[PDB]
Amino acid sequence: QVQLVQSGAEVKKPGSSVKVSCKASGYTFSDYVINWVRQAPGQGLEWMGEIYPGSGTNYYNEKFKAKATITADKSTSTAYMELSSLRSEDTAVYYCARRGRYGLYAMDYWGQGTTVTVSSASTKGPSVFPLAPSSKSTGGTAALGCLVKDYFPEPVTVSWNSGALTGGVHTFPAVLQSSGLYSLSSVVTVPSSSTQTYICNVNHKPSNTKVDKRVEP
């Protein structure tokens, strides 16, 4: 199938530059245009520019032409976008998206996005704490979880039992604490079974932090 896989999230210092990648698979790379689209808080979706991988021809949105440099490498089926003179306003999710074939002037397949955070703060991995099920109320439904505290930048991912437990799972959106670090909880309502084991799998890609936490009664 058609797939566009993007590089991981990063915090970058103001004034620096970042090169984000988009690896394409499942089709002839030179036959489709690759677009770069920004999604910044309060700005909606904005088209930055596109490249024709066959000829390496770009077209930029005039708004982003000074900021972004788009390239493609045919030998590795990878498109790139380099952002220059990074400022706070560049903090956003960046997507790559393929333009369909002639007659389909639309972005038919999209990458998963790359969260670029512009800050002087250093990357910090989370501390993971258990949210143990209360020894009380055993109508059948109980709750348990994991507290994923003091990490930077976003995002963090949480799975339960290596992706086997999905029903009743609520991973809350992160809250930016006054300290400048994020925190969130991931919870699960269970029918007061424990007997079953519960393990939250925390992955913070910016710090390469991976934690498996056992939540026991």
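Numbers for residues come from their place in the sequence shown, where the first is 1.
Look at the C-alpha B-factors of 44 to 52 and of 66 to 74. On average they run higher in 66 to 74. Of the two segments, 57 to 65 and 144 to 152, the one listed with the higher mean B-factor is 144 to 152 (C-alpha atoms only). The maximum CA B-factor among the listed residues 27, 160, 36, 182, taken from the PDB record, is found at 160. Sorting 199, 20, 9, 202 by the CA temperature factor given in the entry leaves 199 at the top. Per the deposited record, the Cα B-factor of residue 137 falls in the highest third when ranked against the other modelled residues of its chain. Among all modelled residues in this chain, the alpha-carbon of residue 86 has a temperature factor (C-alpha) in the middle third. Ranked against the other modelled residues of its chain, the C-alpha B-factor of residue 116 as given in the entry falls in the middle third. In this PDB entry, the Cα temperature factor of residue 104 sits in the top third of its chain's modelled residues, the highest group.
Sort the modelled residues of the chain by CA B factor and residue 131 lands in the highest third.
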